[PDB]
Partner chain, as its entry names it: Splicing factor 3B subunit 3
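The form solved without its partner chain is given below as one chain in structure tokens.
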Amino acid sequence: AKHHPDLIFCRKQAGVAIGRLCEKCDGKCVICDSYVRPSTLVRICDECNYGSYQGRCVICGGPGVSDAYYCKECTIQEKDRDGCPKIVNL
């Protein structure tokens, strides 16, 4: 999370690529880490989808087994409207 100073939200325009979650993170919200009920499918930007992290867990980088969602509280607070929710290093 950030917290960290070199870490931040990509927030680039999301495209058609769908964020994933590993077995460990399944059900968890990409933004708040809660298990509030899933509300909207996570999409990531073309750059976050490229490379080593492709198809990997959007939260931890583990092997993706299911699609990531924003929870209902997050969609109410409009956290899905900011763009790509992946944490990046910069």
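Numbering follows the first chain given and starts at 1.
If you average the C-alpha B-factors over 22-30 and over 37-45, the higher value belongs to 22-30. A summary of the deposited B-factors shows that, of 79-87 and 4-12, the stretch with the larger mean C-alpha value is 4-12.
There is another form of the same protein, the form solved in complex with its partner chain; it is not shown, and what comes next is about it.
Its partner chain in the deposited complex comes within 4.5 Å of no heavy atom belonging to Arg56. Shown without its partner, the chain has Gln13, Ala14, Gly15, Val16 in segment 13-36 as residues with a non-hydrogen atom within 4.5 angstroms of its partner chain in the deposited complex.
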